[PDB]
There are 2 protein chains.
Amino acid sequence: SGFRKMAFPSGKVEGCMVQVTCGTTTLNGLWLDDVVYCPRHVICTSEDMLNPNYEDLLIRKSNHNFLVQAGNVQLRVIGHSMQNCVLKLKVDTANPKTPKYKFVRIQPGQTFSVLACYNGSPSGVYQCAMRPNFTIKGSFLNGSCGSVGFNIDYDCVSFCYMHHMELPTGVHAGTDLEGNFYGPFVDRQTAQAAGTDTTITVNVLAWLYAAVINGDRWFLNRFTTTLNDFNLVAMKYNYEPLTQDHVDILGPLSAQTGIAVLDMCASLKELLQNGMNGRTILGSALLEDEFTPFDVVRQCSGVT
Amino acid sequence: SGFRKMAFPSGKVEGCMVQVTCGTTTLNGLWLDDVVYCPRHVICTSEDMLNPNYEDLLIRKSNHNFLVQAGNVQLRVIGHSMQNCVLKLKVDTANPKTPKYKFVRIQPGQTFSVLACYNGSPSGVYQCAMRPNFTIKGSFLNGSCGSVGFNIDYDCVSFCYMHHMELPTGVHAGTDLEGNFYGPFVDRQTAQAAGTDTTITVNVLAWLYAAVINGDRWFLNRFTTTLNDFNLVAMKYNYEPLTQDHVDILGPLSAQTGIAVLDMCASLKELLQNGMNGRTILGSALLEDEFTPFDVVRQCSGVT
Ligand SMILES: COC(=O)c1cccc(NS(C)(=O)=O)c1
Ligand SMILES: COC(=O)c1cccc(NS(C)(=O)=O)c1
């Protein structure tokens, strides 16, 4: 029993973290096989960052300008290319600790673990979600760029995020491992405002199911609703619309608890309209939206 | 910027987790040097668990009755002893991945990371605190016993917790790595009620400092207080008393933010008396008490 905000074990990713230095800029890289992936803004002075022309800045850089250190040993860079907003540094040595891995671009609402690193050295691990506005709410200081976000399916690490940017509002933007930003963000020190940070409805429902499974039942009400009725309320409260695809995904949590998805929707509706009245659910005084349905299944069934 | 509930990187501990089986009971062990540490209740049938006599149950067990598996390879048990509520299984092979490590008994209020394991296989990592009633609020299913709690000081893992028990209320009890229970709990399936789960005052203050550092300032008030005045309010709200030792520990957070510890105490006092009024601090609608002052320093300074 008990339900915790849980990150994947970080060991497989710890073994992939290196320090990348270009001139006076040091950040983190991800070493998979004989390639080190890092944010292309490693090539920038903070001055460059105001209006960088990355192709033009890259002409001034050779293989030997990229200093890659894995622990306290230098890797030989034998090639480099720009893919979108990441640099791929070819090194002469395959990472001996390369895990099975995939590159996956996640959708808003999906959760992942971040291994926060400074100078290629891991400091901590935490669980994030891709927000509906394609930001993440991270914990990232100067030097944390190139820290990555990941999921693990048994023995295979799916890399979904690399850290690039803090917005003036202190929320975070970054790329998939093909260098493509999530959302409309760019690796430039310019005014970039995030859209509405809406609540991930399907995730709140999953967590309400988790609460029922763990004995927190006080919010279960006598009502049901429809998707259209629920969605009118959702809109009003800046919750993402719920689709039949979301209802389908929640099906196993419905089955386990014998609470129809639309019944839990009506319980959520009442919680939005009435508030918590100073009560908690799973030790939270707000509705948690950074557990996916699968996260709830995983933690409530003990997958390794 | 940003402030997250952050666990230590789990890699060093992942490398120490093994499966221990005695008869039909499988749980987790911790392999350090040539010793596997596990809960002594590995020897119990659930029937035994109602009134176990551990010395008497152990007479029926030999070295070969303890099956230790590290990944998919069996370790040879050449010795076994009971220390308090843990078994120490001597194996013929030193763990090649043994990190630098210490055994530390923590005080209530101290935080640590838990690597949740099933069948010697890590499923996730989360951040806990030793509650003032010597429980922890974990996420632990059947098979998770022998999962451990730890801190890392640079390269040295300090092991502070091993999981043993879920109380009828679904909170958790376990031991230090010398087999001594935290609090008055015993490894017996009997009625064991926890005391008052009080709020770790010094931890809430630290997190309020973290909030100021990250731009959440709305709760800063025009008041100050004294330890005695604050403590009258603390008592009323089931907050732990604040000592001059706690004030001393908060000193660096005071210095960084220029907010006197007693001023932040007066801000906390008003938050207890007035509530949050539907506002959040660092994305929480309650006062978070599972960050230590050092945790705040660590995350706000980027230690690795
Ligand atoms: C077991 O049913 C699920 O929760 C489930 C099924 C299939 C896929 C997922 N992935 S998710 C939570 O990101 O959308 C969850
Ligand atoms: C830097 O000042 C601190 O926060 C500090 C100093 C010394 C020790 C600690 N350990 S603790 C938070 O567990 O009580 C924190």
Side-chain angles (χ1 to χ4, degrees), chain A residues 17-31 35-69 77 79-90 103 105-106 108 114 116-120 128 130-149 159-197, chain B residues 1-2 213-215 300 302:
Chain A
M17 299 312 307
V18 298
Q19 185 188 59
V20 186
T21 298
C22 194
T24 66
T25 313
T26 296
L27 46 58
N28 307 282
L30 182 76
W31 185 23
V35 183
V36 178
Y37 304 81
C38 79
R40 70 172 172 173
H41 81 240
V42 68
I43 70 178
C44 294
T45 66
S46 27
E47 309 79 79
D48 291 330
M49 279 312 289
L50 304 176
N51 191 19
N53 186 309
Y54 280 102
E55 281 295 359
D56 291 341
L57 294 173
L58 206 40
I59 289 163
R60 305 297 142 207
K61 303 299 176 168
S62 309
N63 290 339
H64 69 265
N65 289 128
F66 301 98
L67 307 175
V68 184
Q69 193 174 335
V77 179
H80 69 271
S81 51
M82 182 156 66
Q83 187 179 14
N84 300 309
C85 302
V86 295
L87 294 180
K88 295 189 294 200
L89 313 176
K90 205 189 203 189
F103 291 169
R105 191 178 179 79
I106 60 175
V114 172
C117 293
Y118 300 92
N119 300 125
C128 276
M130 186 53 66
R131 304 309 309 172
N133 63 4
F134 289 103
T135 67
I136 74 170
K137 303 159 142 153
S139 187
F140 290 123
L141 300 178
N142 294 318
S144 62
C145 294
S147 299
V148 299
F159 294 106
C160 54
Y161 181 86
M162 176 167 270
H163 188 51
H164 286 240
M165 297 307 272
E166 195 166 63
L167 300 192
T169 50
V171 305
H172 300 120
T175 65
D176 62 25
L177 270 292
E178 307 169 356
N180 293 119
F181 265 91
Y182 290 99
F185 305 116
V186 296
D187 46 356
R188 185 179 171 196
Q189 185 176 331
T190 193
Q192 305 182 73
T196 311
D197 202 348
Chain B
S1 201
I213 292 168
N214 286 277
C300 289

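Lettering of chains follows the sequences in order, A, B, ..., and the numbering in each one begins at 1.
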**Request:** Apply side chain to side chain contact (heavy atoms under 4.5 Å, CB included) to the pair A/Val86 and A/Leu177, showing each step before the final yes or no.
**Result:** CA-CA 8 Å; A/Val86 295; A/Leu177 270 292; 5.8 Å; no
**Message:** Using the rule given for side chain to side chain contact (heavy atoms under 4.5 Å, CB included), can you reason through A/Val148 versus A/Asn28, listing the C-alpha separation, both sets of side-chain angles and the distance that settles it, and then say yes or no?
**Reply:** CA-CA 9 Å; A/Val148 299; A/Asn28 307 282; over 6 Å; no
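When the side-chain hydrogen bond (donor to acceptor under 3.5 Å, both in side chains) test is applied to B/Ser1, the partners found at least two apart in sequence or on another chain are B/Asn214. Shown here are the side chain to side chain contact (heavy atoms under 4.5 Å, CB included) partners of A/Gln69, two or more places apart in sequence or in another chain: A/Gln19, A/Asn72, A/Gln74. Partners of A/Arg105 under the salt bridge (charged side-chain N to carboxylate O under 4.0 Å, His left out) rule, at least two apart in sequence or in another chain, are A/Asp176. Under the rule for a ring-ring contact (aromatic ring centres under 6.0 Å, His included), A/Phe134 has no partner lying at least two apart in sequence or in another chain. For the side-chain hydrogen bond (donor to acceptor under 3.5 Å, both in side chains) test, residues two or more places apart in sequence or in another chain that qualify with A/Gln83 are A/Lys88. With sequence neighbours excluded, the residues forming a side-chain hydrogen bond (donor to acceptor under 3.5 Å, both in side chains) with A/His163 are A/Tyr161, listed by chain and number. Under the side-chain hydrogen bond (donor to acceptor under 3.5 Å, both in side chains) criterion, A/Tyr37 pairs with no residue at all, not counting sequence neighbours. With sequence neighbours left out, the ring-ring contact (aromatic ring centres under 6.0 Å, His included) criterion links A/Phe66 to A/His80. Shown here are the salt bridge (charged side-chain N to carboxylate O under 4.0 Å, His left out) partners of A/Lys137, two or more places apart in sequence or in another chain: A/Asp197. Partners of A/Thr24 according to the side chain to side chain contact (heavy atoms under 4.5 Å, CB included) rule, which considers only residues two or more places apart in sequence or in another chain, do not exist here.
No side-chain heavy atom of A/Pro39 sits less than 4.5 Å from a side-chain heavy atom of A/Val42. Side-chain contact between A/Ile43 and A/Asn65 is absent, with no heavy-atom pair separated by less than 4.5 Å.
Listed for the A/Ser147 side chain is a donor-acceptor partner under 3.5 Å among the backbone atoms of A/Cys117. Checked by atom type and distance alone, the side chain of A/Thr45 pairs as donor or acceptor with a backbone atom of A/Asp48 at under 3.5 Å. In terms of modelled atom types and a separation under 3.5 Å, the side chain of A/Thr25 and the main chain of A/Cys44 share a donor-acceptor contact.
One distance of note links CZ of A/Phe185 with CG of A/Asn133; it measures 6.0 Å at 0.5 Å rounding. The structure places CD of A/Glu166 at 8.0 Å from CG of A/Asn142, a figure rounded to the nearest 0.5 Å. The CD atom of A/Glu47 sits 10.0 Å away from atom CD of A/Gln189, with the distance rounded to the nearest 0.5 Å. Note: A/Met17 CE to A/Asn119 CG = 11.0 Å, rounded to the nearest 0.5 Å. A/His172 NE2 to A/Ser139 OG: the interatomic distance, rounded to the nearest 0.5 Å, is 7.0 Å. Separating the NE2 atom in A/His164 from the CZ atom in A/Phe140 is a distance of 10.5 Å, to the nearest 0.5 Å.
Residues B/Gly302 and A/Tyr118 share a closest heavy-atom pair of O-CD1, 3.7 Å. Closest of all the heavy-atom pairs between A/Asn84 and A/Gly179 is CB-O, 3.2 Å. Across all non-hydrogen atoms, the minimal contact from A/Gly29 to A/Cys38 is CA-CB, 4.1 Å. Nearest heavy atom pair, residue A/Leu27 against residue A/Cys145, reads CB-O, 3.4 Å. When all heavy atoms of A/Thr135 and A/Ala194 are compared, the pair lying nearest together is CG2-CB, 3.7 Å.
Annotation: salt bridge (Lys or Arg N to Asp or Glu O under 4.0 Å) contacts involving residues 54-63 of chain A, sequence neighbours excluded, are absent. The list of salt bridge (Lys or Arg N to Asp or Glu O under 4.0 Å) pairs with a residue in residues 181-191 of chain A, not counting sequence neighbours, reads A/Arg40-A/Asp187.
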